[PDB]
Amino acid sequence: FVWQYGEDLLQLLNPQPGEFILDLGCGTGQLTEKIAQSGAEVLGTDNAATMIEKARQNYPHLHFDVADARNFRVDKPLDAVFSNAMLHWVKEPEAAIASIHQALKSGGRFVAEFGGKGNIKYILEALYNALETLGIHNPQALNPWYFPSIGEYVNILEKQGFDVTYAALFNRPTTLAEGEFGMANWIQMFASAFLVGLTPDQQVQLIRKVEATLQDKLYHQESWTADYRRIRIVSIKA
């Protein structure tokens, strides 16, 4: 609940006045504004145009663009690339990493956090079980996420030519918004991959099932929690 909101990753980036920084996967631009407040020159990018449209509405004085993390390019070298809560959607991690490395100046830094090995363990179990009982097999293959260990991610980083200076893998259980609707909203919002071949009524049944499986562990004091576990890294272009 407290954990959902934290500027600790921003403290790790430590943006400076005069720096050119990219917020990769900026969403609605909130962290982008925070970077900007440091005095750094920032650019926010997201792969979703709707997101970028909202961001532009939110922060008319900042700069945003649509771009794909896997193959983006920037006009001038960056002092830093910052990314929070997005890279787990990229199942071609080497491609994103290659793009980040080429976008950075020598000595430039890549600071990131995203879902790590062991992330949302219970939610995923509950999802698979629910599909299974609905008659959908191998639900496991529907998983759209890349949740790596420190060793897995850092290996890719180093192979590309980064000096990795910090890595953490840590739990950050977070309270979901909207009280009793929290889990249903989470599923509607993030689990589309699991819902795509279901009938309308089967989607309702799947949400019921998941809530049922999870209620004892993740529902307390009129709110749902999500068992997040994140990977956090700092890497320097050698």
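Just count from 1 along the sequence shown to find any residue number.
Annotation for 204-212 versus 46-54: the higher mean temperature factor (C-alpha) is found in 46-54. The deposited model assigns a higher average Cα B-factor to 72-80 than to the other stretch when 72-80 and 143-151 are compared. Annotation for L218: C-alpha temperature factor in the highest third relative to the rest of the modelled chain, per the entry. Sorting the modelled residues of the chain by their CA temperature factor places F20 in the middle third. Per the PDB record, residue ranking by Cα B-factor puts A184 in the middle third of the chain.
Ranked by C-alpha B-factor against the other modelled residues of its chain, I233 falls in the lowest third. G27 sits in the middle third of its chain by CA B factor, as recorded in the PDB entry.
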